[PDB]
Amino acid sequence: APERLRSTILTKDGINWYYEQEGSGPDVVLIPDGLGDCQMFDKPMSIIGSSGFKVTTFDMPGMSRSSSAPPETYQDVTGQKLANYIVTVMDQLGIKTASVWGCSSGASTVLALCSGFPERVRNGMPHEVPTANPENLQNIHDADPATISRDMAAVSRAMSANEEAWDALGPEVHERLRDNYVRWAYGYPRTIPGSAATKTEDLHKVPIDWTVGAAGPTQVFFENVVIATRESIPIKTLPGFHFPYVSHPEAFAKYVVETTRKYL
């Protein structure tokens, strides 16, 4: 049975990344959603990493156990900025090419990697790319930190589509997330959607297989379905909503594995 490496690694951009690896074979990189906590991949990482892949994941810059990082790394955040940082960590880890998953700002990062670093991406798996600045979160940064944490915890839980799996992440994870919510609010929603690499010139350098959440309201990532279809990119639903790796870890892992096997 493969064992899980859990460690830290420094990069030249100043970030002390917390990261984990499991398995052997072609590289698969699992980029977190905006909350930046890779413990949400723990279960499917074992599944994917037993299916003939070396899986790498990490907490995102400024978030959780990667919190030792320069402020610019988690402020005015864009897919392009995060893509640069991920290519730097790939270099340090000796990852030449990878099949890359990401949801939300993680998907913004997938698209920016596919556009800007196609030589490093075997195939991209974006899920629920933010494409508009959300109405409900228009002034979330302007609120007081305790309120940011409380309201964003509620929103995240509602977007999990499996409240029991979400809670079962456990108290350690939800304590880390408490602080991340604030840093996320300050650094992500105002800049991430406008950074989406969703032009024709972004989307056809490498293979892309796009997903949205089956249980999300049609309205929420509607434009993802439009963009992918207009561009003739494979688009389908996954079980759950915004955290498929938490709500439905087996189906998530199967998706990642079958999709990646297409391009081996």
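All residue numbers are counted from 1 along the displayed sequence.
- Comparing the deposited coordinates for 135-143 and 70-78, the stretch with the larger average C-alpha B-factor is 135-143.
- Between 1-9 and 254-262, it is 1-9 that carries the larger average Cα temperature factor according to the deposited entry.
- In this entry, the residue among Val100, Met90, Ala158, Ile192 with the greatest C-alpha B factor is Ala158.
- Among all modelled residues in this chain, the alpha-carbon of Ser104 has a temperature factor (C-alpha) in the lowest third.
- Ranked by Cα temperature factor within the chain, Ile148 sits in the highest third according to the deposited record.
- For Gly36, the recorded CA temperature factor ranks within the lowest third of the chain's modelled residues.
- Looking at the C-alpha B-factors along this chain, the one for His127 belongs to the lowest third.
- Per the PDB record, residue ranking by Cα B-factor puts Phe221 in the highest third of the chain.
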